[PDB]
Structure formats: C-alpha cells, structure tokens
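Peer 1: Provided below: work33.txt, containing compact mmCIF, C-alpha atoms.
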# COMPACT_ATOMS: atom_id res chain seq x y z
CA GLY P 363 -84.11 6.14 -5.98
CA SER P 364 -81.48 3.44 -6.43
CA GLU P 365 -81.11 2.38 -10.05
CA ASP P 366 -80.72 6.11 -10.77
CA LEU P 367 -78.02 6.82 -8.17
CA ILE P 368 -75.74 4.40 -10.00
CA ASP P 369 -75.77 6.36 -13.27
CA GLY P 370 -76.17 9.58 -11.32
CA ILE P 371 -78.49 12.54 -11.00
CA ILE P 372 -77.84 16.22 -11.52
CA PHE P 373 -79.18 19.03 -9.38
CA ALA P 374 -78.59 22.65 -10.30
CA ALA P 375 -76.91 24.84 -7.68
CA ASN P 376 -74.74 27.93 -7.18
CA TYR P 377 -71.18 27.38 -6.01
CA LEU P 378 -70.45 30.14 -3.47
CA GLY P 379 -66.93 29.06 -2.62
CA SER P 380 -64.73 26.80 -0.51
CA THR P 381 -62.65 27.26 2.61
CA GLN P 382 -60.01 25.27 4.41
CA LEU P 383 -60.23 24.99 8.19
CA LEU P 384 -58.18 23.64 11.06
CA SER P 385 -59.64 20.68 12.95
CA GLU P 386 -59.03 18.09 15.64
CA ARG P 387 -58.17 14.57 14.38
CA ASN P 388 -61.54 12.85 14.67
CA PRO P 389 -64.24 15.17 16.13
CA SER P 390 -67.90 14.59 16.89
CA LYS P 391 -70.61 15.10 14.30
CA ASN P 392 -71.82 18.00 16.42
CA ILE P 393 -68.41 19.65 16.15
CA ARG P 394 -68.53 19.06 12.39
CA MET P 395 -71.75 21.04 12.55
CA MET P 396 -69.94 24.01 14.09
CA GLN P 397 -67.19 23.82 11.51
CA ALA P 398 -69.72 23.90 8.67
CA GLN P 399 -71.52 26.98 9.98
CA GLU P 400 -68.24 28.83 10.46
CA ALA P 401 -67.25 27.83 6.94
CA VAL P 402 -70.51 29.13 5.51
CA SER P 403 -70.18 32.43 7.40
CA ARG P 404 -66.69 33.05 6.06
CA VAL P 405 -67.73 32.34 2.48
CA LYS P 406 -70.93 34.41 2.66
CA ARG P 407 -69.05 37.32 4.21
CA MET P 408 -66.49 37.00 1.44
CA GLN P 409 -69.08 36.85 -1.33
CA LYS P 410 -70.49 40.07 0.15
CA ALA P 411 -67.16 41.81 -0.30
CA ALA P 412 -66.78 40.23 -3.74
CA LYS P 413 -70.13 41.62 -4.87
CA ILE P 414 -68.84 45.07 -3.90
CA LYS P 415 -65.49 44.66 -5.66
CA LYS P 416 -67.59 43.50 -8.63
CA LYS P 417 -69.99 46.45 -8.60
CA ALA P 418 -66.97 48.72 -8.91
CA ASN P 419 -66.20 47.50 -12.42
CA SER P 420 -62.50 47.34 -13.20
CA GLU P 421 -62.78 45.73 -16.64
CA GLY P 422 -65.01 42.69 -17.04
CA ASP P 423 -68.12 41.97 -14.98
CA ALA P 424 -67.74 38.33 -13.91
CA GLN P 425 -70.16 37.19 -11.22
CA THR P 426 -68.99 36.22 -7.72
CA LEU P 427 -70.60 32.78 -7.69
CA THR P 428 -71.12 30.19 -10.40
CA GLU P 429 -73.99 27.99 -11.58
CA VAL P 430 -72.99 24.35 -11.48
CA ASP P 431 -74.13 20.81 -12.10
CA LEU P 432 -74.08 18.86 -8.86
CA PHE P 433 -73.61 15.23 -10.00
CA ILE P 434 -74.39 12.60 -7.38
CA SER P 435 -73.81 8.86 -7.67
CA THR P 436 -73.00 5.90 -5.46
CA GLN P 437 -69.46 6.35 -6.74
CA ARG P 438 -68.78 10.09 -6.43
CA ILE P 439 -69.96 13.67 -6.19
CA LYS P 440 -68.92 15.88 -9.09
CA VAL P 441 -69.37 19.60 -9.41
CA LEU P 442 -69.23 20.76 -13.03
CA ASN P 443 -69.43 24.25 -14.49
CA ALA P 444 -72.99 24.35 -15.79
CA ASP P 445 -72.01 26.08 -19.05
CA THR P 446 -68.48 24.85 -19.81
CA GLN P 447 -69.01 21.41 -18.23
CA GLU P 448 -65.48 21.75 -16.94
CA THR P 449 -64.91 19.73 -13.77
CA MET P 450 -64.42 21.84 -10.69
CA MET P 451 -64.44 19.10 -8.06
CA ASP P 452 -64.56 15.32 -8.06
CA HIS P 453 -64.95 13.69 -4.64
CA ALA P 454 -64.96 9.93 -4.19
CA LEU P 455 -68.22 9.32 -2.35
CA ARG P 456 -66.11 7.84 0.46
CA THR P 457 -64.13 11.09 1.00
CA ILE P 458 -67.09 13.16 2.11
CA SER P 459 -66.93 13.37 5.88
CA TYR P 460 -69.93 15.63 6.46
CA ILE P 461 -72.80 16.84 4.29
CA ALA P 462 -75.75 19.00 5.34
CA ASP P 463 -78.34 21.54 4.32
CA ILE P 464 -78.74 24.74 6.32
CA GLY P 465 -81.68 26.59 4.88
CA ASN P 466 -81.12 26.83 1.13
CA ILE P 467 -77.43 25.99 1.55
CA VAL P 468 -75.56 22.72 1.14
CA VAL P 469 -72.15 22.19 2.70
CA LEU P 470 -69.79 19.41 1.63
CA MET P 471 -66.84 18.73 3.90
CA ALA P 472 -63.81 16.54 3.27
CA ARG P 473 -60.50 15.83 4.99
CA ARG P 474 -57.58 17.68 3.44
CA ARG P 475 -54.60 15.29 3.44
CA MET P 476 -51.43 17.22 4.25
CA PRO P 477 -48.11 16.91 6.13
CA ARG P 478 -48.38 18.72 9.47
CA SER P 479 -46.71 22.00 10.42
CA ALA P 480 -44.66 23.03 13.47
CA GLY P 494 -53.62 23.69 21.89
CA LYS P 495 -54.17 23.84 18.12
CA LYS P 496 -56.14 22.09 15.42
CA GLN P 497 -53.50 20.01 13.69
CA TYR P 498 -55.73 18.63 10.95
CA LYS P 499 -57.29 20.32 7.93
CA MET P 500 -60.83 20.12 6.55
CA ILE P 501 -61.79 21.54 3.14
CA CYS P 502 -65.33 22.89 2.98
CA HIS P 503 -67.41 23.48 -0.18
CA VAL P 504 -70.42 25.82 0.00
CA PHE P 505 -73.38 25.72 -2.39
CA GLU P 506 -76.75 27.43 -2.61
CA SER P 507 -79.86 25.82 -4.05
CA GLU P 508 -83.65 25.98 -3.80
CA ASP P 509 -83.26 22.23 -3.37
CA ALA P 510 -80.53 22.06 -0.71
CA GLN P 511 -82.72 19.73 1.37
CA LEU P 512 -83.14 17.24 -1.50
CA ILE P 513 -79.45 17.34 -2.47
CA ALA P 514 -78.45 16.42 1.06
CA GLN P 515 -81.13 13.68 1.18
CA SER P 516 -80.04 12.32 -2.21
CA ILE P 517 -76.39 12.21 -1.21
CA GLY P 518 -77.45 10.36 1.94
CA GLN P 519 -79.43 7.97 -0.26
CA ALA P 520 -76.29 7.53 -2.35
CA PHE P 521 -74.34 6.17 0.61
CA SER P 522 -76.98 3.48 1.22
CA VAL P 523 -77.19 2.31 -2.37
CA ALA P 524 -73.37 2.18 -2.39
CA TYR P 525 -73.63 -0.02 0.70
CA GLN P 526 -76.34 -2.31 -0.76
CA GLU P 527 -74.21 -2.55 -3.89
CA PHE P 528 -71.18 -3.49 -1.79
CA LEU P 529 -72.95 -6.43 -0.15
CA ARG P 530 -74.36 -7.59 -3.49
CA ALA P 531 -71.14 -7.17 -5.46
CA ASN P 532 -69.28 -9.21 -2.84
CA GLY P 533 -71.92 -11.72 -1.86
CA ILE P 534 -72.33 -10.51 1.69
CA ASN P 535 -75.46 -10.41 3.78
CA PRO P 536 -76.78 -7.41 5.77
CA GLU P 537 -76.85 -9.36 9.05
CA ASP P 538 -73.07 -9.74 8.89
CA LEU P 539 -72.01 -6.29 7.66
CA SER P 540 -74.54 -3.61 8.65
CA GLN P 541 -74.35 -0.16 7.11
CA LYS P 542 -72.93 1.30 10.33
CA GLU P 543 -69.94 -1.03 10.25
CA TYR P 544 -69.75 -0.12 6.57
CA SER P 545 -69.40 3.54 7.51
CA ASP P 546 -66.83 2.72 10.19
CA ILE P 547 -64.75 0.81 7.66
CA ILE P 548 -64.81 3.78 5.31
CA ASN P 549 -63.97 6.36 8.00
CA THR P 550 -61.11 4.25 9.32
CA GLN P 551 -59.64 4.22 5.85
CA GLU P 552 -60.02 7.99 5.54
CA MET P 553 -58.65 8.52 9.02
CA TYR P 554 -55.74 6.24 8.29
CA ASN P 555 -54.86 8.12 5.12
CA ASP P 556 -55.18 11.43 6.90
CA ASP P 557 -52.79 10.26 9.68
CA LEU P 558 -50.50 8.73 7.04
CA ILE P 559 -49.78 11.93 5.10
CA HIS P 560 -50.09 14.01 8.26
CA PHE P 561 -47.09 12.32 9.84
CA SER P 562 -45.29 11.76 6.53
CA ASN P 563 -42.86 14.11 8.25
CA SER P 564 -40.43 11.21 7.72
CA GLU P 565 -36.94 12.79 7.65
CA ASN P 566 -37.44 16.40 6.54
CA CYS P 567 -40.85 18.02 6.18
CA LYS P 568 -39.34 21.35 5.16
CA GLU P 569 -42.06 23.92 4.62
CA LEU P 570 -41.12 26.57 2.06
CA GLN P 571 -42.43 29.96 1.00
CA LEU P 572 -41.76 31.24 -2.51
CA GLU P 573 -42.42 34.77 -3.77
CA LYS P 574 -43.63 35.71 -7.26
CA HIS P 575 -45.79 38.32 -9.00
CA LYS P 576 -47.82 37.61 -12.14
CA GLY P 577 -47.84 35.31 -15.17
CA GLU P 578 -44.27 34.36 -14.33
CA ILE P 579 -43.40 30.78 -13.48
CA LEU P 580 -40.83 28.61 -11.62
CA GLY P 581 -39.71 25.81 -13.93
CA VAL P 582 -40.03 22.07 -14.58
CA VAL P 583 -39.07 18.83 -12.81
CA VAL P 584 -39.47 15.04 -13.15
CA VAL P 585 -41.73 12.79 -11.07
CA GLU P 586 -42.38 9.11 -10.29
CA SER P 587 -40.50 8.76 -7.00
CA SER P 591 -40.87 2.49 -6.72
CA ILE P 592 -43.71 2.25 -4.18
CA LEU P 593 -43.16 5.35 -2.03
CA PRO P 594 -44.76 8.78 -1.63
CA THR P 595 -45.45 9.08 -5.36
CA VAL P 596 -44.66 12.79 -5.47
CA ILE P 597 -42.22 14.61 -7.74
CA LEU P 598 -38.45 15.15 -7.88
CA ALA P 599 -36.88 18.54 -8.61
CA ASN P 600 -35.09 18.84 -11.97
CA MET P 601 -33.55 22.20 -13.01
CA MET P 602 -34.93 25.65 -13.96
CA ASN P 603 -33.44 28.71 -12.27
CA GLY P 604 -33.55 32.46 -12.92
CA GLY P 605 -37.26 32.64 -12.17
CA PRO P 606 -38.78 32.14 -8.67
CA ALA P 607 -37.73 28.48 -8.63
CA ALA P 608 -34.14 28.67 -7.39
CA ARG P 609 -34.32 32.45 -6.98
CA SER P 610 -34.68 31.73 -3.26
CA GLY P 611 -32.42 28.72 -2.93
CA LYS P 612 -33.86 26.47 -0.21
CA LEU P 613 -34.54 24.04 -3.08
CA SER P 614 -32.46 21.22 -4.56
CA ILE P 615 -32.55 19.21 -7.78
CA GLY P 616 -33.96 15.98 -6.41
CA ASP P 617 -36.10 17.32 -3.56
CA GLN P 618 -39.42 15.44 -3.36
CA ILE P 619 -42.44 17.74 -3.48
CA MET P 620 -45.23 16.75 -1.09
CA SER P 621 -47.80 19.55 -1.34
CA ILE P 622 -48.49 22.79 -3.19
CA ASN P 623 -50.63 25.46 -1.51
CA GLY P 624 -52.84 22.99 0.33
CA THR P 625 -53.31 20.02 -1.98
CA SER P 626 -51.06 17.03 -1.31
CA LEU P 627 -49.22 15.34 -4.18
CA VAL P 628 -48.93 11.84 -2.72
CA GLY P 629 -50.66 9.68 -5.30
CA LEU P 630 -51.19 11.78 -8.42
CA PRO P 631 -50.35 11.64 -12.16
CA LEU P 632 -48.78 14.60 -13.96
CA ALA P 633 -51.86 16.22 -15.46
CA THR P 634 -52.72 17.39 -11.95
CA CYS P 635 -49.26 17.86 -10.44
CA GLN P 636 -47.65 19.68 -13.36
CA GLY P 637 -51.05 21.26 -13.93
CA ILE P 638 -50.84 23.01 -10.57
CA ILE P 639 -47.45 24.56 -11.34
CA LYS P 640 -49.34 25.94 -14.34
CA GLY P 641 -52.07 27.41 -12.16
CA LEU P 642 -49.64 29.18 -9.82
CA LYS P 643 -48.99 31.81 -12.49
CA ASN P 644 -51.24 34.42 -10.85
CA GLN P 645 -50.33 33.61 -7.24
CA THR P 646 -47.49 35.68 -5.74
CA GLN P 647 -47.41 33.46 -2.62
CA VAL P 648 -46.76 29.73 -3.10
CA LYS P 649 -46.67 27.29 -0.19
CA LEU P 650 -44.66 24.06 -0.55
CA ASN P 651 -43.66 20.98 1.44
CA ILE P 652 -40.34 19.42 0.49
CA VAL P 653 -38.48 16.47 2.00
CA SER P 654 -35.28 17.29 0.09
CA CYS P 655 -32.26 15.24 1.21
CA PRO P 656 -31.28 14.40 -2.43
CA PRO P 657 -29.75 13.56 -4.90
CA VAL P 658 -28.35 10.01 -4.97
CA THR P 659 -27.98 7.11 -2.51
CA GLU P 745 -35.78 19.38 -25.70
CA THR P 746 -34.11 21.07 -22.70
CA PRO P 747 -36.08 22.66 -21.11
CA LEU P 748 -39.74 23.60 -20.48
CA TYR P 749 -40.72 26.31 -17.96
CA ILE P 750 -44.30 26.40 -16.58
Please re-express this file's structure in structure tokens.

Peer 2:
Amino acid sequence: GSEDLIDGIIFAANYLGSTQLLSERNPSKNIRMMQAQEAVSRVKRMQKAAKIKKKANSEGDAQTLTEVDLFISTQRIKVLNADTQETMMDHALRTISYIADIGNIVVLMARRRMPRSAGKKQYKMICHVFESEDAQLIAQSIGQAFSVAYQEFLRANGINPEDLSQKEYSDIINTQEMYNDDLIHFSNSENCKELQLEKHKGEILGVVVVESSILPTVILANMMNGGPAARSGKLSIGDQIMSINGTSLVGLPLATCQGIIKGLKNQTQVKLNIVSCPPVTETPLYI
C-alpha cells in the first residue's frame, strides 16, 4: 500500500449521483459530516423517484445509477464509466475536502469554485455519492493516498518529516483550496451579472472566442443571434463568461468550456455569470 497508490488502484462501485449544497466558508469536520448525510439523503430519495420513472417505461430502459471504476492515486481520484471508460469525474487529490463511508456508501465532497450571488451559506460544496460493498476500504485507501502523497512530497523535495509534518501538509493544501475558493467567490470585480437564459431542446445559443493575458482566463462573447443567445439581450459581444450552470470557467481550455455549451442542448434553463463591460479599452459555428 504505497508503491501501488502511485500507479493507482481501481475499486468497483455504483455512482448514485451528485448534489451541490450551500455551505459556510470553512466549517468544522463535524459540520462536513452533516452536509454529507444530507447530500446522501437527497440523492437516495431522488434515485427512489428515478426507479419509479424508470419502471414506467417511456422508451428505453436505462438504469438510474451506473457502475464505475473508482481510480485512486496519490495524484487524483477518477471515476470512469465501467463499460465505456469515459471519464465522469477527475478530482485532483488535493481538491477533496471530505471523504467518508457511511455503511456501504462513500461520499466525496469538494469545494465548488463560483462567484457569489446577491444568514445564508454563501459557499458551495459539490457532493458525489457512491455505493459499494467495499465503501470502507475505498475511504481507507483514499486516506492512505493522502499519506503517500505527503511522503512523496518530502522525498521529491528533500524535506524531512520533523520539519514538515503531515498536518502542516494538510493545512498548506487547505489554505490553497480556501484561497482559490475565496478568489473566485469574490471575483465580483466590477460586474458579476448573473443571467438566466431560456431554451427548449436540442437547440443551441452560438459561438464565441476565449483567451481573455494573465487574468480570469474565461471566454469573450463573439456573435450568434436568433437562437437563445441574444434572444434575451442582456448579453454583449465581448462579455467575459465566468460560470455556466455551476461550474466556473476560470482556468480552462476550450474542450471543456466550448464542450459545455454543447451539453446545454437538452437544458431549457441555463445559468450564467458575466462580467460584461466590453468591448474595447468559416463564419460561423453554432453549438
């Protein structure tokens, strides 16, 4: 249990679902425990409805949960579709804020970076729920992964345990997460305009350029009307896009960013965070 965690190990499990949640900035581990159990209740109660909707068989008969490969390494935690091997989630080992087994269930929690919105939980946690006969071992193995990552940090940098313990190691990692949360959370620089677009099915908005120049590497608006895009105004060619239905865009290529605008097809309710204030200090492609 060390040499192996570097290459990784795969545990089988059933992905029941994920849920976002509101949270205080930096709560206790006991509070994180509450959050996880509320997350698991919501997902289980949703799966229960899903099973019903499934029994009534519209057309196909796709299951409500999905068998997955739970990859674990000192570097990350990847959930892959057991059969298609398509990646469903890839979390840098350092982004996991809370992991735990609750019976035969494993919950993975992570901070959801996102510009705030105008008592109240102002921060957002994303919570992934899995089921496995080996929930206990998965949790233990992930824990073991943190330690080997630590030991490998000292080694790789020629540092000795007596100087940097694993606790300070954790603290360093949390601080960095916390910082990045705060960063994007208050990125409400000069115009965190929250939008709400309407759409139906298959249809799409349009296409725009990106690459903001060290700044909130987001995306700049660039044409495409008629469809939902400009159909509601409140948008401008040159308005930086921060988030899209939950996931931030600060620090992302185009395969993911422009890939999301491709996944909004069957939405009918798209959330967006734009800073706008443009536009100065072939042709075309929808999707």

Peer 1: Determine the nearest neighbour of residue P:476 from the options P:562, P:381, P:545, P:392, counting only C-alpha atoms.

Peer 2: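 Smallest separation from residue P:476 among the options: P:562.
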
Peer 1: Provide the atom CA of residue P:529 to atom CA of residue P:472 distance in Å, to one decimal place.

Peer 2: 25.0 Å

Peer 1: Might you pull out every residue within 8 Å of residue P:520, with all atoms listed in the file counted and same-chain residues fewer than 6 positions away left off, and present them as a PyMOL selection string?

Peer 2: chain P and resi 364+367+434-436

Peer 1: Can you pull out every residue within 12 Å of residue P:603, counting all atoms listed in the file, but drop anything in the same chain fewer than 4 positions away, and send it as an NGL selection string?

Peer 2: :P and (579-583 or 599 or 607-611 or 613-615 or 747-750)

Peer 1: Can you tell me which residues surround residue P:473 at a distance of at most 9 Å, considering only C-alpha atoms, apart from same-chain residues fewer than 4 positions away, and format the answer as a PDB file with C-alpha atoms, in the coordinates of the input?

Peer 2:
ATOM      1  CA  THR P 457     -64.130  11.090   1.000  1.00  0.00           C
ATOM      2  CA  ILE P 458     -67.090  13.160   2.110  1.00  0.00           C
ATOM      3  CA  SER P 459     -66.930  13.370   5.880  1.00  0.00           C
ATOM      4  CA  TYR P 498     -55.730  18.630  10.950  1.00  0.00           C
ATOM      5  CA  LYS P 499     -57.290  20.320   7.930  1.00  0.00           C
ATOM      6  CA  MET P 500     -60.830  20.120   6.550  1.00  0.00           C
ATOM      7  CA  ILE P 501     -61.790  21.540   3.140  1.00  0.00           C
ATOM      8  CA  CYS P 502     -65.330  22.890   2.980  1.00  0.00           C
ATOM      9  CA  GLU P 552     -60.020   7.990   5.540  1.00  0.00           C
ATOM     10  CA  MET P 553     -58.650   8.520   9.020  1.00  0.00           C
ATOM     11  CA  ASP P 556     -55.180  11.430   6.900  1.00  0.00           C
TER      12      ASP P 556
END

Peer 1: Nearest residue to residue P:524 out of P:370, P:624, P:604, P:616, using only C-alpha atoms?

Peer 2: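 Smallest distance to residue P:524 is found for P:370.
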
Peer 1: At a cut-off of 9 Å around the point (-78.4, 17.6, -14.1) (file coordinates), what residues fall inside when counting all atoms listed in the file? I'd like the answer as a ChimeraX atom specification.

Peer 2: /P:370-374,431-433,444

Peer 1: Could you check how far atom CA of residue P:467 sits from atom CA of residue P:504, in Å to one decimal?

Peer 2: 7.2 Å
